[PDB]
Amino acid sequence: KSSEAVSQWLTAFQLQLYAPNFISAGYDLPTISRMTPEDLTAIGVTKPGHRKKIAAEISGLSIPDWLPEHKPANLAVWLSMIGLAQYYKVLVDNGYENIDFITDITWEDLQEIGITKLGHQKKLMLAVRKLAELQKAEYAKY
């Protein structure tokens, strides 16, 4: 249903030819909505004209909040909440079994352990920043 929704979003403004680009990188509309243009380049959308239509349509997206507004009890809950539970084992087996360890993580670290799909990295990285923001929100108090 996710890839379905990406296809449809792109066919709606005639750029479905890039569906493979987004989909095979594991992008989903939520994650797409937070793409920088650098991200766009990375998945092969390089033609300025198409970049710009997509960039405009990206800002045009209005889709419900999906990042957890609270730090969850454990890695399983968290991965589940952001729809990347298939990485539970690889993360745990590579020493990222608790949330705190993730918050330090970078894309280089994800590449090391095999989580390479750029869309998944983006989503994973977006989720990590939100935790980082939620932490600092405590120290302002404490």
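In case it trips you up, residue 1 is the first one in the sequence shown, and so on.
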Is the mean CA B factor in the deposited entry higher across 40-48 or across 103-111? 103-111
Should the higher mean CA B-factor in the entry be assigned to 61-69 or to 28-36? 61-69
Based on what the PDB entry reports, which of 12, 118, 23, 128 has the top C-alpha B-factor? 12
Compared with the other modelled residues in the chain, in which third is the CA B-factor of residue 54? middle
Among the modelled residues of its chain, the C-alpha B-factor of residue 134 falls in the third labelled highest
